[PDB]
């Protein structure tokens, strides 16, 4: 129940009614070698959180089911966490190397060049948005998912963030992405991408996704809850039940269309 981002969605979707469909389409048309990027350090521990990795993983799993290849660029602690899922890690990634670069909950620099958390605490850690500024310049397909306004891709709608989101002027990221997905919780944004791509392809790419398994797993591995900054199996302060609810609802929707 976060009011600012809810208002940014109404504004955004209102003028870009088809962002999810356009996003899903760019995705489906550039599967050859997809670089997926996640990991949001949380001040002051600067430890990544549970929002982002789950979604990146679902996209990765989906990219492979479709026949493409995916690698993940993220932080150390997330690699450990995502380790049980046998995910290919990116090694000295170069934009030129991919056909598409996605971002699920990743700090995007602000207008002042620095990085900030929803609480405007500066993030001090090596950035991961650079490759996006480069991807953009080269014209490589780029997609970004966020739920607050300080994530890579949110630069596409800074006016909206600055207007409805607390600390906006300072927090808002200037990094833009070709397509942008905004959702209450980024993971859910990635799941939407997968559900939309499922309807488009006629296969439910989300069938089998175990929300609970993944949250608990990565929470044990060390990834924290962004709001409680604790080690609870939750993402952005919402507990597993609601999250499973949304994933099960997305699955239902995918089927309804496919079948």
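Superpose the two forms; the largest set of C-alphas matching within 1.5 Å is the rigid core. Positions refer to the first chain, counted from 1.
For the pair 6 to 14 and 232 to 240, rigid core superposition yields a higher RMS C-alpha distance in 5 other deposited structures of this protein in 6 to 14. Once the rigid core is used to overlay the structures in 5 other deposited structures of this protein, the stretch among 221 to 229 and 32 to 40 whose CA atoms lie farther from this form is 221 to 229.
Taking the PDB entry as given, 231 to 239 carries the higher mean Cα B factor of the two stretches 245 to 253 and 231 to 239. Stretches 25 to 33 and 191 to 199 differ in mean C-alpha B factor, with the higher average recorded for 25 to 33. Listed residues 82, 73, 100, 165 were ranked by CA B-factor as deposited; 82 comes out on top. Among all modelled residues in its chain, residue 96 ranks in the highest third by Cα B-factor.
In this PDB entry, the Cα temperature factor of residue 54 sits in the bottom third of its chain's modelled residues, the lowest group. When all modelled residues of the chain are sorted by CA temperature factor, residue 139 is found within the middle third.
Remark: residue 258 belongs to the highest third of its chain, ranked by C-alpha B-factor as recorded.
Ranked within its chain, residue 5 lands in the highest third, by CA B factor from the PDB record.
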